[PDB]
Amino acid sequence: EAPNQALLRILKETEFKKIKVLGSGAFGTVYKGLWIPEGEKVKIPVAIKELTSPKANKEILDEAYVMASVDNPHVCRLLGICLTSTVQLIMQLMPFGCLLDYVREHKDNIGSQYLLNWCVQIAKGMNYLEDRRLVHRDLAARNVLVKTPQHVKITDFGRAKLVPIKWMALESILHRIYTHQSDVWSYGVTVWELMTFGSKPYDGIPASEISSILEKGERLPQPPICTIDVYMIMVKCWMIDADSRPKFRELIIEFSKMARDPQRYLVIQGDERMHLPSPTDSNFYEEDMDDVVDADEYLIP
Ligand SMILES: CN1CCN(c2ccc(NC(=O)c3c(Nc4ccnc(N)n4)cc[nH]c3=O)cc2)CC1
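Residue numbers 673 to 723, 727 to 837, 852 to 974, 980 to 995, in mature numbering (1 follows the signal peptide of the UniProt record, and there is no 0), belong to the letters of the sequence shown in order.
Now the structure itself:
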């Protein structure tokens, strides 16, 4: 197919300061930092990921490849890599972390407008990966980051091509078949994760039982806040026949119509009165805030 002319930026170790830890576990760690390029007079808030062994470096450079090859407002792009003993990825900082923990910690202020807009945004990012012929293979609320409460982006590649059993389509569990339509099943589970404010899908059920459970016809239950309209979409993502599930372009359309009148599709007690932080809030944006630019506003030719 087409030649991948994406640029892989190699960033100097001496170009980024104020390194603090955000999260550690399984693979390695994710750090908070500030990237100050050349004599650019800019400070970019960044996230530095590291999984020394040749196996860890191969897996991280595989994600670097995929992340450098993507450019969408709802996909987390690579700013560059740092060639230290262990190769570390440098991406845009999403200060609020993963959506899974966000819906859990902020449920009392999460309204229908926010939830449906999140669904539209995830579908837009997922439809972009489909245009770029990329199958995510690991879509979940834990792999969707929060830049601002009104802006979310898809993250965690490396599993992406051209195991999370409870987020997987039946063909993937049984035959290891991964398609854009299997990412649609993962999208369905992700939506369920949001509508339940971070519930564990099939909680208590061991992963070895899931395959049989799905084959019998059992699916994730209807969340209390969900109307038949929203749940019908979720159910459609969990059909045996992959070609019967909605396409991501149909999911954008469906959720957009719904996001126009959110109270008609999601029933949350004390809705609209709820408010989350915005760039219009007081002290929304620690060091010299003078020359700080977000990565979304830092473009290179
Ligand atoms: C109480 N909590 C403490 C930790 N907090 C936090 C955790 C992680 C990030 N950031 C990230 O996880 C992050 C990325 N994480 C990952 C994770 C796995 N794979 C990739 N490629 N990126 C990627 C880009 N930008 C980010 O900010 C930001 C904040 C949230 C509040």
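Just so it is clear, CB atoms sit at the ideal spot from N, CA and C, and this is done for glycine as well.
Can you name, in chain order, every residue of its own chain whose Cβ lies under 7 Å from the Cβ of residue i, other than the five neighbours on each side?
i                 : result
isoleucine 941    : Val795, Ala798, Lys799 and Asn802
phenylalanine 944 : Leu791, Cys794, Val795 and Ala798
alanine 731       : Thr761
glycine 877       : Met923, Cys926 and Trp927
Closest by CA to residue i, which one among the options?
i                 : options                           : result
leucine 837       : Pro824, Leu859, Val827 and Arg812 : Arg812
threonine 879     : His964, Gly711, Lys704 and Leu791 : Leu791
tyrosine 740      : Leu775, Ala678, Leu758 and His864 : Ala678
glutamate 907     : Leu859, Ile922 and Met769         : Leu859
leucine 955       : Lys713, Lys692, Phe886 and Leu723 : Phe886
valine 702        : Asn784, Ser744 and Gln763         : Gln763
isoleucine 957    : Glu991, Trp856, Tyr789 and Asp932 : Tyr789
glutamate 882     : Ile866, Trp793 and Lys946         : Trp793
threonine 916     : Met884, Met857 and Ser744         : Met884
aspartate 982     : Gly697, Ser696 and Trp707         : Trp707
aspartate 970     : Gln825, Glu712 and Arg938         : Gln825
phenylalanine 771 : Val819, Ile894 and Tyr920         : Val819
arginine 807      : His869, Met928, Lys905 and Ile929 : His869
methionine 928    : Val852, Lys946 and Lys905         : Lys905
Is the Cβ-Cβ distance between residue i and residue j less than 9 Å?
i              : j             : result
residue 1013   : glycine 786   : Examination of residue 1013 is not possible in this model, given that the chain is present from 673 through 995 alone.
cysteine 773   : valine 821    : yes
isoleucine 854 : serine 901    : no
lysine 828     : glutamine 767 : yes
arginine 817   : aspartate 776 : yes
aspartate 918  : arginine 949  : no
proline 995    : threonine 823 : no
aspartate 872  : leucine 909   : no
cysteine 926   : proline 935   : yes
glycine 833    : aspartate 737 : yes
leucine 903    : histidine 781 : no
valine 693     : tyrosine 992  : no
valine 986     : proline 717   : yes
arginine 681   : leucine 723   : no
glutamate 673  : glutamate 687 : no
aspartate 984  : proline 748   : no
Regarding residue i and ligand 3, is the C-beta to nearest heavy atom distance less than 8 Å?
i           : result
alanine 835 : Inclusion of ligand 3 in the displayed structure is not the case, the ligand content consisting of ligand 1 alone.
Alpha carbon to alpha carbon, how far is residue j from residue i? Give it in angstroms, no decimals.
i                 : j              : result
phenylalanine 699 : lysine 733     : 13 Å
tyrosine 974      : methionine 769 : 12 Å
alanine 719       : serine 888     : 27 Å
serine 760        : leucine 683    : 14 Å
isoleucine 862    : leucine 814    : 15 Å
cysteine 751      : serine 875     : 18 Å
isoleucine 922    : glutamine 911  : 11 Å
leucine 758       : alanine 931    : 41 Å
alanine 835       : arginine 779   : 27 Å
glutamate 685     : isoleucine 765 : 11 Å
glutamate 939     : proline 729    : 42 Å
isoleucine 866    : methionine 857 : 10 Å
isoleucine 735    : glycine 959    : 44 Å
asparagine 972    : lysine 721     : 27 Å
Output needed for residue i: all residues of its chain with C-beta closer than 6 Å, excluding positions within five of it in sequence on either side, in chain order.
i                 : result
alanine 896       : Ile854
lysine 704        : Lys692 and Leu694
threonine 727     : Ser760 and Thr761
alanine 743       : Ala678, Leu680 and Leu753
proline 951       : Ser787, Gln788 and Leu791
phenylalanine 937 : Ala798, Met801, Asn802 and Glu805
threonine 830     : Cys751, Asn818 and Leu820
For residue i, collect the residues of the same chain with a Cβ closer than 8 Å to its Cβ; drop the 5 residues on either side in sequence, then sort them by chain order.
i             : result
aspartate 783 : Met963
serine 696    : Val702
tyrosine 920  : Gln911 and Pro912
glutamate 712 : none
Got a sec: is the Cβ-Cβ distance from residue i to anything in chain D below 9 Å?
i             : result
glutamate 898 : No chain D is part of this structure, which consists of one protein chain only.
> Where in the region 751-779 do unbroken runs of the beta strand (DSSP E), each at least 3 residues long, occur, reported from the N-terminal end onward?
Replying inline: Scanning the region 751-779 for uninterrupted beta strand (DSSP E) segments of 3 residues or longer gives 753-757 and 763-767, listed from N- to C-terminal end.
>> Going residue by residue through the region 891-933, where are the continuous beta strand (DSSP E) segments of at least 3 residues, counting only ones entirely within it?
In response: none
> Where in the region 853-891 do unbroken runs of the beta strand (DSSP E), each at least 3 residues long, occur, reported from the N-terminal end onward?
Replying inline: none
>> Suppose only complete runs of 3+ residues qualify. What are the beta strand (DSSP E) ranges in the region 782-831, listed by chain order?
In response: 819-823 and 826-829
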